[PDB]
Amino acid sequence: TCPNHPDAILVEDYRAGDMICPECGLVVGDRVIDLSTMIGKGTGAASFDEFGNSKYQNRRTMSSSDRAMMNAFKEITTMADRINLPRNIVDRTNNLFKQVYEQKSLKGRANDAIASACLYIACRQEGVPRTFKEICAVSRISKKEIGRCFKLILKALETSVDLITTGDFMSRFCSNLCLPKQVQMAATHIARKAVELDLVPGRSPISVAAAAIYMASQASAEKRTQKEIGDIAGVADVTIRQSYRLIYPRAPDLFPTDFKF
Amino acid sequence: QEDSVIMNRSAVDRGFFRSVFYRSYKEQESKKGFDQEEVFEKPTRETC
Amino acid sequence: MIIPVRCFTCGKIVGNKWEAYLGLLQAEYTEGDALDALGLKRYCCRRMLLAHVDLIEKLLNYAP
Ligand SMILES: [Zn+2]
Ligand SMILES: [Zn+2]
């Protein structure tokens, strides 16, 4: 906006305090620059009525939709703190919840269902997915409702999510089972080889992941029982035996180069 | 005079009371919000 | 953190005289005789060798 120089950008000098031209040094503009309330408790007793009650208190109207969003965010925070999620996933969950709530398509379902569905979406989109059963453990909602709500969120908000692979769950399962790094690497190699070689058509990745856990567990000094595997994975012991008896042939090929048998 | 010190320039040249002052500046990528992300990249004058 | 190369006051080289001084403490000599075995006549260099801390040996314990 420099005179005598049409179409000239002005360098803003936050130290010298001016707006300055890189052809002639003129200055345009002499200097540079740079909803509610709460009513608390009364201090003096002069505000109290004959029955007390202080006569002056916060009405806290703040619309209905803002109240719904605030309760939903409280539910998201107290849900994600239980499995100890980092706050980036919480903020992404809040972003998805606000987009869904302003999309105005899922009024017919409990806000808590949309909340846990957005938690699942945000856990998926960071490359650290949780299982549906892990979300169901820290939520008051059945697996059917969260599945249907997840199906409606992906249909409505028009986004694509990456398909889960077995290797994402391996670190959480081994670490929560307190297994060392060699067990981690061996189990991940077993899971990825079993996926790629095609022993398991249409099997869920959670079952073969826990099967790889059982592989790496029943080959070293430390050993884990079927019940512990089902406790940490959520898959039933029958499903572990199904995956065991179907993965057991061609065992040395699935193992890595060295494991110290 | 009046609580002041004369110092040896040659001594200071030889390491007398020489010291360093580490300052650390901390910045995080706060991608909270709808589309208010701030990715770490070299800012060219074309965009930004 | 480490022994200075030169004495601050005079300018005599005292960088090379740390290790041998420690050797003279490992050879059960008193500190005064250990200083006198190095030629540190003026008390500035005796201040240098006598009142120095080898904090670099502490810093070397940490992984690089
Ligand atoms: Zn101009
Ligand atoms: Zn000296």
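Don't overthink the numbers, they just go from 1 along the chain as shown.
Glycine is no exception: its Cβ is also placed from the backbone N, Cα and C atoms.
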Record (Swiss-Prot) lists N6-acetyllysine for one of A:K41, A:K155, A:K193, namely A:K193
Where Swiss-Prot places phosphoserine when the choices are A:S47, A:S65, A:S142, A:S171: A:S47
Looking at A:54-58, A:59-63, A:104-108, A:144-148, I want to know which stretch Swiss-Prot calls region 'Core promoter DNA-binding'. A:144-148
Checking feature assignment: region 'Core promoter DNA-binding' per Swiss-Prot, candidates A:84-87, A:128-131, A:204-207. Which range matches? A:204-207
Name the residue range among A:10-13, A:98-101, A:162-165, A:238-241 that Swiss-Prot annotates as region 'Core promoter DNA-binding'. A:238-241
From the centroid of the CB atoms of A:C2, A:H5, A:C21, A:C24, the recorded Zn(2+) site, which same-chain residues not already listed sit within 8 A by their CB, in sequence order? A:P3, A:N4, A:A8, A:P22, A:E23, A:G25, A:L26
State the Cα to Cα distance, in Å, between A:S47 (phosphoserine) and A:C21 (Zn(2+) binding site), rounded to an integer. 61
For A:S47 (phosphoserine), the number of other Cβ atoms found within 10 Å of its own Cβ: 12
Which of A:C2, A:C21, A:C24 has the fewest nearby Cβ atoms, counting only those within 10 Å, among these binding-site residues? A:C24
Check the Cα-Cα distances from A:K193 (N6-acetyllysine) to the binding-site residues A:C2, A:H5, A:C21, A:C24 and tell me which is shortest. A:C21
Using a Cβ cut-off under 8 Å, which residues of the same chain at least 6 positions beyond either end of the region 'Core promoter DNA-binding' (A:238-241) come close to it? 207, 210-211, 214, 226, 229-230
Using DSSP three-state counts, the residues of the repeat '1' (A:79-155) come to 53 helix, 0 strand, 24 coil
